[PDB]
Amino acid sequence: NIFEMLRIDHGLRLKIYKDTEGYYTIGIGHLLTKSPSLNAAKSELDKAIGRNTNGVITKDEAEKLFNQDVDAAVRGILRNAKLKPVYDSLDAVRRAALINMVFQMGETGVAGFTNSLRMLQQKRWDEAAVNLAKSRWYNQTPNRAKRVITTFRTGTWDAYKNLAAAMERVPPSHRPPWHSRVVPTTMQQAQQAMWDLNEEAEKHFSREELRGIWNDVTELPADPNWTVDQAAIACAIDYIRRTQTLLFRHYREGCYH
């Protein structure tokens, strides 16, 4: 039931839609075309599926489309140096879980789990499950991963049976802002943001007041680990937090400027 597996892991949509890159898609993640023309997409679907559809198909249509994608994906595995060994090593149910992975992170990304796949071949299932959880693949999409991993481990579809309605989900995070505390940034960028914020800040407070915040911020202890650049960028970010906080409280109190 690899179709049903991916109906729950990836989702099924019956009307044409756009994926996260803006490309036109149908069924279970079946890319129709990268063209921006919906009519170019509606004709690729109209040739793929037998009839004229106007961009709407029924589940039986989508599975026919899905199985060819699976057919196309196994041909990619069957022609891979790092994946053909272990694809032949598994029964139907457990290879449908490796097809699940190449659908997610590309067949080249799956090829990364070198020692994870070595254990699978050797049919060492429990040990492969534990090393598979130590990947960002697991830590980013833990729901999907631990249900595919239970398929690798036991050769059943049990992680897919009688499930409950999915808990409320929320869109993926944006790319972190420049002042994110683990993604690095530059000093001009930090310096410009202070300059920008100060346009607004100087309308409400004196420069002596704003210097007091700069002083207050730079007189706190820093990482003995930090470079002088990293320490200065840290002072700018704290300054911006403090000042934006003071602006927020000022407007709440009432700004007559």
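From 1 onward, residues are counted along the sequence shown.
Taking the PDB entry as given, 118 to 126 carries the higher mean Cα B factor of the two stretches 158 to 166 and 118 to 126. The deposited model assigns a higher average Cα B-factor to 53 to 61 than to the other stretch when 53 to 61 and 200 to 208 are compared. Comparing C-alpha B-factors across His179, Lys134, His174, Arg144 in the deposited entry, the largest value falls on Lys134. Within the selection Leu90, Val148, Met187, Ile99, the deposited Cα B-factor values reach their highest point at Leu90.
Sort the modelled residues of the chain by CA B factor and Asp223 lands in the highest third. Among all modelled residues in this chain, the alpha-carbon of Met194 has a temperature factor (C-alpha) in the lowest third. Among the modelled residues of its chain, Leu45 has a C-alpha B-factor that falls in the middle third according to the deposited record.
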